[PDB]
Amino acid sequence: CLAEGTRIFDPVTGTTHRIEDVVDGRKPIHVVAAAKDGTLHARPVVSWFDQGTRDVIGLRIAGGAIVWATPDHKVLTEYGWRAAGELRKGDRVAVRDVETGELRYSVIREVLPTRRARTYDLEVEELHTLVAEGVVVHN
Ligand SMILES: [Zn+2]
């Protein structure tokens, strides 16, 4: 699950949303989703989940973005899917280049300590993946 404050970019409108607002309003936005071959596509959100308060850890990515997610949340890495809690400084996660919109890899600059936080989940049509804080994560 992703924490309150997580930014979700809609590739159709160009608007960046905070996940808690997408869930609370059940907003029918589109997000960027990664397909099997690693290409990125625009897909609509089809389910919204308010997962309550849970433990979340943080991953600071090259570029400044910090994604907070439960340690079990799966992240797409150079080595495939891996739980966020297993990642360490130096590991590379798949990301969406903000300028080109293409898939690339970014180094995790830092792992932040666990804390309690409101968490959410979004279901993305067909691809079951989504870009959050620029990082390709599991949906
Ligand atoms: Zn799914």
Side-chain angles (χ1 to χ4, degrees), residues 1-138:
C1 306
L2 300 168
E4 171 195 317
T6 298
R7 284 167 292 190
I8 308 294
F9 175 70
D10 181 322
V12 175
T13 61
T15 303
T16 296
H17 299 270
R18 282 185 191 288
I19 195 166
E20 66 271 20
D21 297 325
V22 181
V23 168
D24 292 342
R26 304 288 168 140
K27 303 191 176 180
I29 66 178
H30 284 73
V31 301
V32 173
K36 175 175 58 177
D37 56 12
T39 53
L40 301 185
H41 306 263
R43 286 290 182 281
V45 168
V46 297
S47 304
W48 302 263
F49 298 85
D50 184 315
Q51 305 291 205
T53 292
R54 299 178 168 175
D55 294 333
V56 296
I57 59 176
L59 299 178
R60 179 159 66 82
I61 319 295
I66 302 181
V67 60
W68 293 90
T70 53
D72 69 296
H73 202 98
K74 293 180 249 297
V75 182
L76 182 64
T77 71
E78 47 179 351
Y79 303 126
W81 299 108
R82 301 188 65 180
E86 297 299 89
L87 300 177
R88 300 287 182 274
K89 174 182 179 179
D91 292 331
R92 281 180 166 65
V93 297
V95 304
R96 167 175 181 281
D97 184 68
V98 183
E99 305 192 322
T100 66
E102 307 192 303
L103 184 296
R104 67 184 195 68
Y105 294 94
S106 286
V107 175
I108 291 177
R109 298 304 198 199
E110 189 193 334
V111 179
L112 286 295
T114 184
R115 67 192 179 83
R116 300 291 288 174
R118 298 280 295 168
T119 66
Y120 306 79
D121 252 308
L122 298 181
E123 276 303 310
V124 183
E125 174 188 281
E126 177 184 50
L127 302 185
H128 288 280
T129 61
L130 104 140
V131 172
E133 287 293 329
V135 185
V136 176
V137 303
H138 190 264

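In this chain, residues are counted from 1 in sequence order. Side chains are part of it too, since the values below use all heavy atoms of this structure and drop only hydrogens, waters and symmetry mates.
- Of all heavy-atom pairs spanning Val56 and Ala117, the tightest one is CG2-CB, 3.7 Å.
- Counting only distance, with no hydrogens or angles, the side chain of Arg88 and the backbone of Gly85 share a donor-acceptor pair below 3.5 Å.
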Exercise answer: donor-acceptor pairs, residues 59-68 side-chain atoms, under 3.5 Å, sequence neighbours excluded:
from, atom 1, to, atom 2, distance (Å)
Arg60, NE, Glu110, OE1, 3.0
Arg60, NH2, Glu110, OE1, 3.0

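- Contact record, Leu103 with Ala94: CD2-CB, 3.7 Å, taken as the closest heavy-atom pair.
- With respect to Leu122, the side-chain contact (heavy atoms from CB on, under 4.5 Å) criterion is satisfied by exactly one of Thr6, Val45, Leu2: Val45.
- Minimum heavy-atom separation, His30 to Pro11: O-CD, 3.6 Å.
- A distance of 13.0 Å separates CD in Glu125 from NE2 in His41, rounded to the nearest 0.5 Å.
- In this structure, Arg26 and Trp48 approach most closely via the heavy-atom pair NH1-O, 3.4 Å.
- Note that OG1 of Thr70 and CD of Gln51 are 9.0 Å apart. Values are rounded to the nearest 0.5 Å.
- Hydrophobic clustering (ILVMFWY, side-chain heavy atoms < 4.5 Å, transitive): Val75 and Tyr120 are in one cluster.
- The salt bridge (charged side-chain N to carboxylate O under 4.0 Å, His left out) pairs that include a residue from residues 28-57 are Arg43-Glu126, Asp50-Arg118, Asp55-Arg116, where partners are two or more places apart or lie in different chains.
- When the side chains of ILVMFWY residues are joined at heavy-atom separations under 4.5 Å, either directly or via intervening members, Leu87 and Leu112 end up in two distinct hydrophobic clusters.
- Residue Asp72 holds its CG atom at 6.5 Å from NZ of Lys74, rounded to the nearest 0.5 Å.
- Considering every non-hydrogen atom in both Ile8 and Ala132, the closest pair reads CD1-CB, 3.7 Å.
- With hydrophobic clusters built from ILVMFWY side chains whose heavy atoms lie under 4.5 angstrom apart, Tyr105 shares a cluster with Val131.
- The distance from atom CZ of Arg96 to atom CD of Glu102, rounded to the nearest 0.5 Å, is 10.0 Å.
- Between the side chain of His73 and the backbone N or O of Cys1 there is at least one donor-acceptor pair closer than 3.5 Å.
- For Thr119 (side chain) and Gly52 (main-chain N/O), a donor-acceptor pair under 3.5 Å exists by modelled atom type.
- In this structure, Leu130 CG and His138 NE2 are separated by 10.5 Å, a value rounded to the nearest 0.5 Å.
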Can you give the donor-acceptor pairs under 3.5 Å from side chains of residues 15-25 to other protein atoms, not counting sequence neighbours?
from, atom 1, to, atom 2, distance (Å)
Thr15, OG1, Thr13, OG1, 3.4
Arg18, NH1, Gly5, O, 2.8
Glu20, OE1, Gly5, N, 2.7

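- Listed here is the closest heavy atom pair of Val136 and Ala34: CG1-CB, 3.8 Å.
- Under the 4.5 Å side-chain heavy-atom criterion for grouping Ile, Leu, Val, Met, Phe, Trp and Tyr, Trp81 is connected to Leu40 within one hydrophobic cluster.
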Next on the checklist: For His128 and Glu123: C-alpha separation, side-chain torsions, deciding distance, then whether side chain to side chain contact (heavy atoms under 4.5 Å, CB included) applies.
Outcome noted: CA-CA 6 Å; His128 288 280; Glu123 276 303 310; 3.1 Å; yes
